[PDB]
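# Geometric and topological summary
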Amino acid sequence: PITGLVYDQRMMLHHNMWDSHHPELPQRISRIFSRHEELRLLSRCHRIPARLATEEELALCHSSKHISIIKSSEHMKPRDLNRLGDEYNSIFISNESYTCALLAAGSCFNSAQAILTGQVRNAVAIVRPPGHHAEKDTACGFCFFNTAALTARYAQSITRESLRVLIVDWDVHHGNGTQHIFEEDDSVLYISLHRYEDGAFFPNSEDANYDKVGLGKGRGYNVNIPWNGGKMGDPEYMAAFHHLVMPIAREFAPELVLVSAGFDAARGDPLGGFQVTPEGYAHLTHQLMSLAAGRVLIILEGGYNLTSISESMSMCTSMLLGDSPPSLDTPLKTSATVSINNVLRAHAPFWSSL
Ligand SMILES: O=C(O)CCCC[C@@H](S)CCS
Ligand SMILES: [K+]
Ligand SMILES: [K+]
Ligand SMILES: [Zn+2]
């Protein structure tokens, strides 16, 4: 019953040289790491070493051209870096961005390998920059490479190609890159909960709507849970897991669970506008541990209130270590019931448990 943890100072080197107060702060990971220390959770975890992902490992999900542009950014001058960063949707680049993204991916490869070989039962990855917005051919939303998507492909590469991986994305923003990478894939089930607002919330695409169920062989293996009309919180995420996430995940019977654990849906986040409490994230973590014989990897994504994400991820690590879930504090808002009902009707054809 061992819980793994990976963290490396070197992932702080990715920074915004023009906007030092940019919300994707280097201190995001150190604040989460520091909160684990003062809560005495760090000494109960097994430290997993970080490492750089290889370019061949990046090719599992990303085109060679995209890898080369970011690899070339390591030697650019400040003026070249600003022009290149501005060519993407919400991306800043420094000379250390490429190495930090390599470390974030490679840190998750070691964690998945530790889980899949039984060295640890579950693991948490405090990494940056995030990954779930990165597409096959371009960077997006502070993400350069899709760390969660790469880890799923890496997990299959060290087991079997058809290894069933469930990716739960509870980051408040839709993982557009993760959806597109596995859109035609039946071996990687993608479930995302996200603020939608009829496509007005970032990343501002109708690909995040409930009717996108996957394509080809992947039909039914892409579950979007979009929220519309107002500040969502614990009761809405509790209901979505009870009605949609947990029934679909159990029928899928995953062999590995990856959590794109963004904490920008948390109370107090300056970007999400939601009110999910640290206890809420703990209960969601506890429910996912009932899958894949407890083989759960928590990967940091978004989340930009330093105090909120520190408490929230530490609560998740507390669940992986076996602690009992803390008790929650409300009737579902009408629009939330409407959203859950739309997903149920869209995915009932594919999941008899619905
Ligand atoms: O457009 C917005 O609503 C603000 C920026 C979006 C935040 C994204 S870029 C964070 C990725 S987890
Ligand atoms: K999401
Ligand atoms: K899929
Ligand atoms: Zn986000």
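The rules behind these values
- Residues numbered from 1 in each chain as written, not as in the entry; some residues may be left out.
- Chains lettered and ligands numbered in written order.
- Heavy atoms only, no water.
- Residues with missing side-chain atoms left out of burial classes, pairs and counts.
- Donors = N, O, S within 2.8 Å, 3.2 Å for Na, K, Ca; no water.
- Buried < 20%, exposed > 50% of the residue type's maximum accessible area, 1.4 Å probe, protein only.
- Helix = DSSP H or I, 4+ residues; strand = E, 2+ residues; numbered from the N terminus.
- Pairing = 2+ DSSP bridges.
- Right-handed = clockwise from strand over helix to strand, strands pointing away.
- Axes fitted to C-alpha atoms, helices over the stretch in contact; angles between N-to-C directions.
- Parallel < 35°, antiparallel > 145°, perpendicular 65-115°, else oblique.
- Contact = heavy atoms within 4.5 Å.
- Nonpolar A, V, L, I, M, F, W, Y, C, P; charged D, E, K, R; others polar.
- Near = heavy atom within 4 Å.
- Areas by Shrake-Rupley, 256 points an atom, 1.4 Å probe, with all protein chains shown as cover.
- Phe/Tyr/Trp six-rings, centres within 6.5 Å; stacked < 30°, edge-to-face > 60°.
- UniProt positions renumbered as here; feature names shortened; annotations may be inferred.
- Polar contact = N/O pair within 3.5 Å; in protein donor to acceptor, adjacent residues only side chain to side chain.
- Arc of directions from axis to C-beta.

Its PDB header names X-ray crystallography as the technique used to obtain the model and reports a resolution of 2.40 Å.

## Comments concerning the coordination of the potassium ion (ligand 2)
Around the potassium ion (ligand 2), the protein contributes the donor atoms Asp169 (O), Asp169 (OD), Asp171 (O), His173 (O), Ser192 (OG) and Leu193 (O), at 2.5 to 3.0 Å from the metal centre. Considered as a linear motif, the donors of the potassium ion (ligand 2) on their single chain read D-x1-D-x1-H-x18-S-L. Comparing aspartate 169 with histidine 173 shows no difference in burial state: the two are buried.

## Re the pairing of strand β8 (residues 296-300)
For β8, the buried fraction is high: 5 of the 5 residues fall into the buried class. The two faces of β8 match: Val296, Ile298 and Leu300 on one face and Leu297 and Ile299 on the other face are all buried. Strand direction decides the pairing type here: strand β3 (residues 122-125) and β8, joined by 3 bridges, are parallel. Residue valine 124 lies in a different strand from β8, and its bridge partner there is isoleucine 298. The pairing of strand β7 (residues 256-261) with β8 spans 5 bridges and is parallel. Note that in β8 the partner of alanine 261 across the bridge is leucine 300. Each parallel crossover has a hand, and for β7 linked through helix α9 (residues 278-288) to β8 it is right-handed.

## Quick notes on the coordination of the potassium ion (ligand 3)
Every protein donor of the potassium ion (ligand 3) is accounted for by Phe182 (O), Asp185 (O), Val188 (O) and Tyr221 (O), and the metal-donor separations fall at 2.6 to 2.9 Å. Mapped onto the polypeptide sequence, the residues donating to the potassium ion (ligand 3) form the spacing pattern F-x2-D-x2-V-x32-Y.

## Focus on the packing of helix α8 (residues 234-252) against helix α11 (residues 334-347)
The contact between α8 and α11 brings their axes to 10 Å, and the two run at 5°. Considering the angle they form, α8 stands roughly parallel to α11. Across the interface between the two elements, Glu236, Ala239, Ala240, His243, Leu244 and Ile248 from α8 touch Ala336, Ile340, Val343, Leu344 and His347 from α11. Among the residues making up the contact of α8 with α11, the classes are represented as 8 nonpolar, 2 polar and 1 charged.

## Observations regarding the site of ligand 1
Surveying the vicinity of ligand 1 reveals the residues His132, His133, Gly141, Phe142, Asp171, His173, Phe202, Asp264, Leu271, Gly302 and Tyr304. In isolation ligand 1 exposes 390 Å². Once the protein is present, 79% of that is buried.

## Remarks on the packing of aromatic side chains
Within the structure shown, the criterion is met by 11 aromatic pairs. Judged by centre distance (6.5 Å) and plane angle (80°), the rings of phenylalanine 252 and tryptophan 351 are edge-to-face. Just as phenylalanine 252 is buried, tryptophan 351 falls in that class too. Ring geometry for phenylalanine 263 against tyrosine 281: centres 4.8 Å apart, planes inclined by 70°, an arrangement best described as edge-to-face. Of this pair, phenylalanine 263 sits in the loop between β7 and α9 while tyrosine 281 sits in helix α9, and the two are 18 residues apart along the sequence. In this structure, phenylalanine 263 and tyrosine 281 share a single accessibility class: buried. Following the ring pairs from residue to residue traces out a cluster consisting of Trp170, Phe263 and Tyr281.

## Focus: the UniProt feature "binding site: Zn(2+)" (unreviewed entry) in the protein chain
The residues that UniProt annotates with the feature "binding site: Zn(2+)" (unreviewed entry) are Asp171, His173 and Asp264. These annotated residues cover 94 residues of sequence, and their C-alpha atoms all fall within 8.1 Å of one another, placing them together at a single site. Relative to the elements of secondary structure, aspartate 171 occurs in the loop between β4 (165-169) and α7 (176-181). Judged by its relative accessible area of 1%, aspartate 171 falls in the buried class. If we ignore the near neighbours within four places in the chain, the residues touching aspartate 171 are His132, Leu193, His194, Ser260, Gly262, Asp264, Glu301 and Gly302. What makes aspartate 264 buried here is its relative accessible area of 0%. Look past the residues within four positions of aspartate 264 in its chain and what remains in contact with it is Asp171, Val172, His173, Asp269, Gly272, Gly302, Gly303 and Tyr304. At 2.9 Å, the side chain of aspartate 264 forms a polar contact with the backbone nitrogen of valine 172.

## Comments concerning unusual backbone geometry
Looking along the chain, the bond that leaves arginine 128 and enters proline 129 is cis, with omega of 0°. Put simply, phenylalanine 202 and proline 203 share a cis peptide bond, and its omega is 5°. Phi is positive for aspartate 198, close to 55°, though the residue is something other than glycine. Within the secondary structure layout, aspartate 198 lies in the loop between β5 (188-195) and β6 (222-227). In this structure, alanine 253 takes a positive phi of about 50° despite not being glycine. Here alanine 253 lies in the loop between α8 and β7.

## Focus on helix α3 (residues 64-72)
All of the buried residues along α3 are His66, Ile67 and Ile70. Projected down its long axis, α3 shows its buried positions confined to an angular sector of 100°, all on one face. Exposed and facing more than 90 degrees away from the buried side of α3 are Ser64 and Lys65.

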